[PDB]
Novice: 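Here's a structure for you.
All chains are named by letter (A, B, ...) in the order of the sequence lines, taking the proteins before the strands, and each is independently numbered beginning at 1. Quick note: numbers below take in every heavy atom, side chains included, and nothing from hydrogens, waters or symmetry partners.
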Amino acid sequence: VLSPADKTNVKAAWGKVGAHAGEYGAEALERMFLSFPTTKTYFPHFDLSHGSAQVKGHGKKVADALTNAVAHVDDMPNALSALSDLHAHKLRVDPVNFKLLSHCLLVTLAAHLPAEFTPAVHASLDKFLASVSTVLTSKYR
Amino acid sequence: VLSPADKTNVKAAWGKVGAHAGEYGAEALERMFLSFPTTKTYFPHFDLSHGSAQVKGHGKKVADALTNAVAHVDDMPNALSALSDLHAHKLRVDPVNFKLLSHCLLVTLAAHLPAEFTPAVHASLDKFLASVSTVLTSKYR
Amino acid sequence: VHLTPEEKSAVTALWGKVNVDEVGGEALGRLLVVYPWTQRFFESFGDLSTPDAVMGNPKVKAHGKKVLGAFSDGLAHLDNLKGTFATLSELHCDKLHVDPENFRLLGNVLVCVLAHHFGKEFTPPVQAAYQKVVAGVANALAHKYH
Amino acid sequence: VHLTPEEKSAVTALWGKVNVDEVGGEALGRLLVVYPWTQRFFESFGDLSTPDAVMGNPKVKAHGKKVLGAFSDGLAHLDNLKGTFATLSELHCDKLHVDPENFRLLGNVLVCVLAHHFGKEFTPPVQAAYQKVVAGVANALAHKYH
Ligand code: HEM
Ligand code: HEM
Ligand code: HEM
Ligand code: HEM
């Protein structure tokens, strides 16, 4: 579970991302499509090239859920229940892929937040996301 | 969450295992040291020889914990002279090996219980041991 | 991958009793049951509601047969596997959009179908050999994803 | 694993500005802090509870340098990785008994330290070349495990 200090480091780090959140979104994705080619098997309908507006718009939506998530850190299973049903039932996206996004997302934060991304914050951030990933796979079976 | 049709599946499967529990635990273990050679990195102090009285003595404990889990299907940990939070802190076993033990402990049951191993009781057994690995890896960080 | 002669013959000999139509079908159907999300490819098949109609669907059986068959070819190319399925790794990828985890998934339920088929004969040394096959085979089939 | 003429250049060129001593103890330290179960191979270093203590632990630092040191010398021979690491693979398995999944966790932490270090200079195409490489070194240290 996230310790109280974890919950503080996550909100402290996200607060600093700010208006750039949806910006970092598309970047975590591009890094994912490019680093782990396998991840783009779920996007036959998306122009995945760089510059792409679809890869940008989506990143904004990925940013929004982690913001709603940070907002409801003590109640993620209820605030992300909607998406969990969307990924497992309607998308059926294999659980080993979220571990893949969370890594690119984390690298993307190590690239823009060098002051804040200390070893302590890094760890709390690897937790927060693992907990998100978990919630998103709750409804697979 | 294990559905109610799951709990009753898991229960009948293990009750049928009866006294054979320890016999089975030890078998899944040796199957694991053979198929997945990396798991041996955690038992370099165990007599890993064929017919070893240290693995059979270890398969017993593992089964005794799996029977206790089943017999308190609303709560998964705590058992023997040191579990409770034994793995997370003392052993520190990488979460990745928990899925390997569950696989091998399922092929054991698919081998000896071919009649109760319908492709529905297999799904419950799978969701069960996944819920146990999830509980044992619960307080890791 | 290289296989210890007797560990290579445990594969060779056991395969010869495998009813590829019963094990092929059960390997796929038991996969569509256990890891639910794997149906994102099998929607054309039809009725996959309860694990019942999943297992009994004549499409699931039908496709598990040609899935096991191709496996039953790499069993000869037990040296260079890549230069065999590399063709199918293009397909399953570019055209078919299949996530490689599902192959890794197949190999494990298959290991269980065989043990559900040979019970006692499926000893640990034999399973272990059959693991060296399935993992390596899974990676050959997912070698050049771009 | 495979790489390409242009990817090698990005790897090699981004490795020149790397301070192996620094990043070595920066990566192993952040590994021991994000995945504290890896501390099972380090009772013989000292205080490893608080992150302050892990990072500035002179013994962590001394060993980070050794690892990344021997990591660095592996980039040179990027066409024959499994060979180059055959003797460290056998030493980690037999002698040290180090679960190979530690190498993958360390590779992921090493990529974050390299993004944390180069900022924008560590673009998406640099991460993808670096992921390939760190996955490459991990399969190479794990090859001699039995
Ligand atoms: C780490 C957790 C993730 C977050 C925060 C996230 C969030 C979301 C959100 C907010 C949507 C928008 C749904 C809508 O309104 O249409 C969505 C859609 C989707 N997600 Fe996830 N997701 C996550 C991980 C994944 C991963 C790893 C993949 C697969 C590589 C993925 C694949 C999809 C797909 C394919 C869509 C549908 C896009 C479309 O066709 O319009 N998601 N996700
Ligand atoms: C998910 C299934 C697991 C269960 C139910 C389980 C069960 C047990 C039990 C009951 C004990 C003995 C407690 C005691 O002696 O105080 C124990 C100890 C231990 N477990 Fe686990 N375990 C599991 C997974 C793992 C995994 C996956 C590994 C690694 C491959 C592992 C490695 C160990 C080791 C080394 C010991 C200590 C034995 C000794 O040296 O005394 N366990 N486990
Ligand atoms: C590792 C064993 C496998 C082998 C050797 C194999 C073999 C085949 C072959 C030969 C084709 C059919 C002919 C064609 O489309 O041109 C095919 C297609 C396909 N495979 Fe696989 N496959 C395997 C595993 C997978 C996995 C793990 C999945 C399951 C999620 C899968 C899903 C599909 C789908 C949906 C198609 C497209 C429909 C079609 O068959 O035409 N395959 N496979
Ligand atoms: C991918 C990079 C890795 C390389 C190239 C590597 C390299 C080395 C080297 C050169 C040594 C010295 C062995 C000797 O004295 O002959 C060593 C020792 C050791 N390694 Fe690894 N290693 C790597 C990853 C790891 C990881 C991931 C851990 C665990 C977090 C680790 C744990 C050990 C242990 C327990 C020792 C001895 C520690 C000491 O006495 O200072 N290594 N490693």
Novice: Could you verify whether a donor N or O on one side chain and an acceptor N or O on the other, from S3(A) and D6(A), lie under 3.5 Å apart?
Specialist: yes

Novice: Pairs of donor and acceptor atoms involving the side chains of residues 52-59 of chain C, under 3.5 Å and at least two apart or interchain, shall be tabulated with distances.
Specialist:
unit_1	atom_1	unit_2	atom_2	d
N57(C)	OD1	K59(C)	N	3.1
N57(C)	ND2	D47(C)	O	3.3

Novice: Heavy atoms only: give me the nearest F45(C)-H63(C) pair and the separation to one decimal.
Specialist: CZ-CB, 3.7 Å

Novice: Heavy atoms under 4.5 Å from chain A: which residues of residues 15-37 of chain C carry them?
Specialist: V34(C), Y35(C), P36(C), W37(C)

Novice: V1(C) and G136(C): which non-hydrogen atoms are nearest, and at how many Å?
Specialist: CG2-CA, 4.3 Å

Novice: Considering only heavy atoms from C-beta outward, does the side chain of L136(A) approach that of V93(A) to under 4.5 Å?
Specialist: no

Novice: Sort by residue number and list every residue of residues 13-38 of chain A having at least one heavy atom under 4.5 Å from chain C.
Specialist: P37(A), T38(A)

Novice: Does some side-chain heavy atom of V121(A) sit less than 4.5 Å from a side-chain heavy atom of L113(A)?
Specialist: no

Novice: From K99(A) NZ over to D94(A) CG, what is the distance, rounded to the nearest 0.5 angstrom?
Specialist: 12.5 Å

Novice: Is there a side-chain contact between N9(A) and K127(A), using heavy atoms and a 4.5 Å cut-off?
Specialist: no

Novice: Could you tell me whether the side chain of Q54(A) and the main chain of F46(A) form a donor-acceptor pair under 3.5 Å?
Specialist: no

Novice: Counting only non-hydrogen atoms closer than 4.5 Å, can you tell me which residues of residues 137-146 of chain C sit against chain A?
Specialist: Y145(C), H146(C)

Novice: Which heavy atom in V11(C) sits nearest to a heavy atom in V133(C), and how many Å separate them?
Specialist: CG2-CG2, 3.9 Å

Novice: Would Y42(A) and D99(C) count as having a side-chain donor-acceptor pair, cut-off 3.5 Å?
Specialist: yes

Novice: Can you tell me which portion of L96(C) sits under 4.5 Å from chain A's heavy atoms? Options are side chain, backbone, both or neither.
Specialist: neither

Novice: Whether the side chain of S138(A) engages the backbone of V135(A) through a donor-acceptor N/O pair (distance < 3.5 Å, no angle test) should be reported.
Specialist: yes

Novice: With a 4.5 Å cut-off on side-chain heavy atoms, are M76(A) and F128(A) touching?
Specialist: yes

